[PDB]
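This report concerns only the one structure given below.
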Amino acid sequence: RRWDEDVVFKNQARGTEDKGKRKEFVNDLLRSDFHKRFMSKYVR
Amino acid sequence: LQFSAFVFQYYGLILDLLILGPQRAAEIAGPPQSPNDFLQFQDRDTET
Amino acid sequence: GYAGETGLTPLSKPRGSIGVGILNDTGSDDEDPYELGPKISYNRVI
Amino acid sequence: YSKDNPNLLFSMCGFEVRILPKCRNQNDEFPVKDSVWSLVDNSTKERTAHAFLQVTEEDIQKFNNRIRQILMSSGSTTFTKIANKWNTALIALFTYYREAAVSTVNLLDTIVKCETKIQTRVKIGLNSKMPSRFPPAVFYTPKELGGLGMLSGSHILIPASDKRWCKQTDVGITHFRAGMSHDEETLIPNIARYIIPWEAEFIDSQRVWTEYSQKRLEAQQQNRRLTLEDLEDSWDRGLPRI
Amino acid sequence: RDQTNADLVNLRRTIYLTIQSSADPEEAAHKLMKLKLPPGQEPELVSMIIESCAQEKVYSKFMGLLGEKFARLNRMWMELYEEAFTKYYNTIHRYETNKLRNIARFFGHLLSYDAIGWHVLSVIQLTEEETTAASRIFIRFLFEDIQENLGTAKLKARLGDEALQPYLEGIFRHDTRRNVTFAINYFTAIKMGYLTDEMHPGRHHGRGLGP
Amino acid sequence: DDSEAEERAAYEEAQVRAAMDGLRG
Amino acid sequence: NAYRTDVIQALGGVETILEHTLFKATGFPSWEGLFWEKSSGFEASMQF
Amino acid sequence: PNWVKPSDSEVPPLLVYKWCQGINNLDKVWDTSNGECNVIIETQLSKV
RNA sequence: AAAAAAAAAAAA
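Residue numbers (the authors' numbering), protein chains in the order written: chain D, 217 to 260; chain U, 1161 to 1208; chain Y, 216 to 228, 266 to 298; chain Z, 1305 to 1546; chain C, 343 to 553; chain E, 343 to 367; chain A, 1595 to 1642; chain F, 1064 to 1111.
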């Protein structure tokens, strides 16, 4: 018996490793990746 | 909210069903008539 | 002849020391360090 | 854990655990301390493993931040209030993390530095930092005798110079001294010594509650009601307590 | 003379506070060896360390390790702990049940890792007269501790050796079949009838009262 | 009170089942 | 509470601790029977 | 079910202890001669 | 193989 056959959702993590094709500087500080990482780190 | 713990434990139980799959969740939780203890199964058959 | 609504009771509840201040007594955060919680009243039966 | 990696690593609820079984052990001698856990196989009732316990670095930083929050609080200039807050934080830390806490070097260093910071706050409240001006009797005397009532997780010497007292009786002045001609010094007690370890309370809880189950079954057999009298040696025992 | 005994009380207080202020069960031994001592009071130190293990609510591995590091050192400490085990077995009945369990766990830790020799067990006398109820409780707890640390196969392997048979004659009795049946029944009642393998009352034909 | 005795007993098996986790199985 | 007893014993005793303090300047004959008031009448007066 | 924690039957140190005892009581958990491996994954549900 | 003033107590 294949173990991962009764799982409801499959291949939901496809398209996640595609981060970092090219680094995009955004000239909006509240929308940059640095601020989002900051706020996800410090506000839980 | 005062009932947020209950609502999130139920929602996370649903996500536990998503993670485990309903059959393995039923095997881990045990039957409704005789529920399993924590981290224990009925027999070495169902565990493996 | 009216009995009225009965109430509910709250769910149970070198002497001394130098004080912590009358304004830093806040909510009396200190009761006792050596054991936790209020004094648990006990029965003798079960 | 594989053919060639014999350690199982995880972290849970404050505890960083390394499980090592007593099969793939190159160490023929076992340095089993109170932190190390003998994991018993039930089908043989045989100690087959050893869970080494430590406190995670995030929780050491949590305790450090708790002391910093204590030192930044509103009432952190009154010596009794700052001592009570330190006592609550230290009791919480040690009574939660017990034998895992006594085996973490970084946590003990953090406890020493934070206790030093609390005492330094007390000293700055008096505009001095002279070590001879504040003997351990100033901090660690119980609040009943006018002291601060601080508890220590550090290891602090009490010198023989602070061990003398004089009394004026009707025949004159007599200088009494405890510890006559003893070159050692008594140390401030460690709070970790006054808390029973977790594995000890797990084993004792199992033993006590099985004895209670036996006692309840035999007491309902003779149709007598359970009292305080037949549960005395198991009074402050068990998880949950009797 | 000093009837108030300033030296003994002061030494016991310094030893107790040296133990009580230590976290590691290597730090306590290190600071206890640093204590300057008049030429012999080591029986007092052994009595105080075993009494400190007795005072605990539940036995901890602190006291077991602390006694053990006072047994992997030179031989006189090991002989002192063997004499202490003999003294505490002959003075079992002045002790409560949990205190006796702490003593039994301490000595089981000392015996499991070969900190002291497996020849002091000859002090155990499995008879009706020489063994009270508290002595039976102490034997039960100590052998349970030895089973927990070592295991059933280890207990079968070590005690079935030819050399320790004179030192195990007080437990593995082979003279009177009444004592053999007492030992077999007592070991069966405490879930350790497996090591009653060499106790063979069928082939004691000398006391063959029944056909 | 019979109901009070019943629900205090319910507390009693609640505490025993809390203590008997894994041992009961 | 054994911590309290053993920290009293670790600092020499009650008499050494009281020797560190202004106990003999109070003129109180014995330590036993001496209680601390937490606040003062003036201090509790100036509360709100 | 039994996997949903915090449960009222235990303190979190008892949860860690029962995790260790349940790892140690699995069938041939430490046997690794036949190429078997044990994986333990500890993670968090992000933005749940 | 052994580390010890100011804020802050207000212009006839």
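C-beta atoms are modelled at their ideal positions from N, C-alpha and C, and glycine is treated no differently.
With residue i and residue j assumed to form a contact (beta carbons below 8 Å), what rounded beta-carbon distance in angstroms separates them?
i, j, result
"residue 1337 of chain Z", "residue 1436 of chain Z", "At roughly 37 Å, the Cβ-Cβ gap does not stay under 8 Å, so residue 1337 of chain Z and residue 1436 of chain Z are not in contact."
"residue 1065 of chain F", "residue 1197 of chain U", "6 Å"
"residue 362 of chain C", "residue 1440 of chain Z", "Not really, about 15 Å apart at Cβ, beyond 8 Å."
"residue 285 of chain Y", "residue 1395 of chain Z", "6 Å"
"residue 1606 of chain A", "residue 1467 of chain Z", "5 Å"
"residue 462 of chain C", "residue 427 of chain C", "5 Å"
"residue 1462 of chain Z", "residue 1604 of chain A", "6 Å"
"residue 1324 of chain Z", "residue 1310 of chain Z", "7 Å"
"residue 486 of chain C", "residue 1351 of chain Z", "About 13 Å separates the two Cβ atoms, so there is no contact after all."
"residue 1358 of chain Z", "residue 1404 of chain Z", "6 Å"
"residue 1460 of chain Z", "residue 1491 of chain Z", "6 Å"
Going by alpha carbons, who is nearest to residue i out of the options?
i, options, result
"residue 421 of chain C", "C:404, C:549, C:456", "C:456"
"residue 540 of chain C", "C:511, C:533, C:388", "C:511"
"residue 393 of chain C", "C:429, C:377, C:524", "C:429"
"residue 1355 of chain Z", "F:1086, F:1102, F:1070, F:1111", "F:1086"
"residue 1447 of chain Z", "Y:270, Y:293, Y:222", "Y:270"
"residue 1442 of chain Z", "A:1602, A:1595, A:1620", "A:1602"
"residue 1489 of chain Z", "C:359, C:348, C:431", "C:359"
"residue 1608 of chain A", "Z:1538, Z:1384, Z:1469", "Z:1469"
"residue 517 of chain C", "C:365, C:382, C:547, C:476", "C:547"
"residue 1485 of chain Z", "C:532, C:343, C:353", "C:353"
"residue 537 of chain C", "C:515, C:475, C:396", "C:515"
"residue 368 of chain C", "C:471, C:357, C:397, C:409", "C:409"
"residue 498 of chain C", "C:484, C:509, C:535, C:522", "C:535"
"residue 465 of chain C", "C:417, C:450, C:431, C:398", "C:431"
"residue 1305 of chain Z", "F:1098, F:1106, F:1109", "F:1098"
"residue 228 of chain Y", "Y:288, Y:272, Y:219", "Y:288"
"residue 362 of chain E", "Z:1525, Z:1539, Z:1517", "Z:1517"
"residue 407 of chain C", "Z:1339, Z:1471, Z:1539, Z:1320", "Z:1339"
"residue 1627 of chain A", "Y:291, Y:268, Y:275", "Y:268"
"residue 1454 of chain Z", "Z:1480, Z:1477, Z:1422, Z:1471", "Z:1422"
"residue 403 of chain C", "Z:1519, Z:1528, Z:1505", "Z:1505"
"residue 357 of chain C", "Z:1434, Z:1391, Z:1483, Z:1307", "Z:1483"
Using the three-state DSSP reduction, which class does residue i fall into: helix, strand or coil?
i, result
"residue 1355 of chain Z", "strand"
"residue 1502 of chain Z", "helix"
"residue 1251 of chain Z", "The shown model of chain Z, from 1305 to 1546, leaves out residue 1251 of chain Z, and the question about it has no answer."
"residue 288 of chain Y", "coil"
"residue 261 of chain D", "Past the boundaries of the shown model lies residue 261 of chain D; chain D is included only from 217 to 260, so the question cannot be answered."
"residue 1306 of chain Z", "strand"
"residue 1320 of chain Z", "strand"
"residue 1473 of chain Z", "strand"
"residue 1478 of chain Z", "strand"
"residue 1344 of chain Z", "strand"
"residue 1529 of chain Z", "coil"
Going along chain F, which residues have a C-beta under 8 Å from residue i?
i, result
"residue 1345 of chain Z", "1087, 1088"
Using a C-beta to C-beta distance shorter than 8 Å, which residues of chain U count as neighbours of residue i?
i, result
"residue 1067 of chain F", "1169, 1172, 1173, 1176"
"residue 1110 of chain F", "The contacting residues do not exist; residue 1110 of chain F stays about 12 Å from chain U at best."
"residue 222 of chain D", "1181, 1182, 1183, 1184"
Please compile the residues from chain Y whose C-beta is within a distance smaller than 8 Å of the C-beta of residue i.
i, result
"residue 1503 of chain Z", "Near residue 1503 of chain Z there are no residues of chain Y at all, since even the closest Cβ is about 21 Å away, more than 8 Å."
"residue 1603 of chain A", "Here the premise fails: no neighbours, minimum Cβ distance about 15 Å."
Which chain Z residues are close to residue i, counting only those with a beta carbon under 9 Å from its beta carbon?
i, result
"residue 360 of chain E", "1543, 1544"
"residue 282 of chain Y", "1384, 1385, 1388, 1389, 1391, 1392"
For residue i, return the contacting residues in chain U, with the cut-off set at a CB-CB distance below 7 Å.
i, result
"residue 1077 of chain F", "The contacting residues do not exist; residue 1077 of chain F stays about 10 Å from chain U at best."
List the residues of chain U that residue i touches, going by C-beta distances under 9 Å, in chain order.
i, result
"residue 225 of chain D", "1178"
For residue i, go through chain E and note every residue whose CB falls closer than 7 Å to its CB, in chain order.
i, result
"residue 1509 of chain Z", "361"
"residue 1197 of chain U", "363, 364, 366, 367"
Which bits of chain Y does residue i rub up against, with CB to CB less than 9 Å?
i, result
"residue 1449 of chain Z", "266"
If you measure from the CB of residue i, is any heavy atom of the ligand MN nearer than 8 Å?
i, result
"residue 241 of chain D", "This structure simply doesn't include the ligand MN, nor any ligand for that matter."
List the residues of chain Z whose Cβ lies closer than 7 Å to the Cβ of residue i, in chain order.
i, result
"residue 1084 of chain F", "1343"
Inset, instruction - Determine which residues of the segment 1469-1498 of chain Z have a Cβ less than 7 Å from any Cβ of chain C, and write them out in chain order. - result: 1483, 1484, 1486, 1487, 1488, 1490, 1491, 1492, 1493, 1494, 1496, 1497
Inset, instruction - Name, going along the chain, the residues of the segment 1375-1399 of chain Z whose beta-carbon falls closer than 7 Å to a beta-carbon of chain E. - result: none
Inset, instruction - Report the residues of the segment 1305-1322 of chain Z with a CB closer than 7 Å to any CB of chain F, ordered along the chain. - result: 1305, 1306, 1307, 1312, 1314, 1315, 1316, 1317, 1318, 1319, 1321
Inset, instruction - Report the residues of the segment 1329-1361 of chain Z with a CB closer than 7 Å to any CB of chain C, ordered along the chain. - result: 1336, 1337, 1338, 1350, 1351
Inset, instruction - Output, in sequence order along the chain, the residues in the segment 396-409 of chain C whose CB is closer than 8 Å to any CB in chain Z. - result: 398, 399, 400, 401, 402, 403, 404, 407
Inset, instruction - Name, going along the chain, the residues of the segment 362-376 of chain C whose beta-carbon falls closer than 9 Å to a beta-carbon of chain Z. - result: Residues are counted here when their Cβ sits less than 9 Å from a Cβ of chain Z; for the segment 362-376 of chain C these are 362, 363, 364, 365, 366, 367, 368, 369, 373, 376, given in chain order.
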